């Protein structure tokens, strides 16, 4: 996949955004921007040019599921890859995220190798 693919990392904790950004860096993905919640994320995506979204499931104002649903309901962005991040895997959460269009989901904390495996699986499924 394109190493300059523009990523948007969404979470309400700057430290966790920093962790994800650093893990992406280690994998060769340096074109990264951040957002603090679902609404802030939607504004950034409005600007354009994004190619991948990594967002937490739990955020205030608009959570991961609502952000995903809006991205999927958007005309220009409906196919945008979205990797959901969560602290605890829950059966219903996984199905809800999948049925809402999530490209994948991963449980944190995670390593570079785990993030790389998730990205590659999504890239392969999507044909990227």
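Positions refer to the first chain, counted from 1.
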Of 27-35 and 89-97, the stretch with the higher mean C-alpha B-factor in the deposited entry is 89-97
Higher avg CA temperature factor (64-72 vs 44-52, as deposited) belongs to 44-52
For residue 22, does the deposited CA B-factor place it in the lowest, middle or highest third of the chain?
middle
If you rank every modelled residue in this chain by C-alpha B factor, which third holds residue 114: lowest, middle or highest?
lowest
Once the chain's modelled residues are ordered by C-alpha B factor and cut into thirds, is residue 77 in the lowest, middle or highest one?
highest
Which third, lowest, middle or highest, does the CA B-factor of residue 128 fall in along this chain?
highest
Sort the modelled residues of this chain by their C-alpha B factor and say whether residue 1 lands in the lowest, middle or highest third.
highest
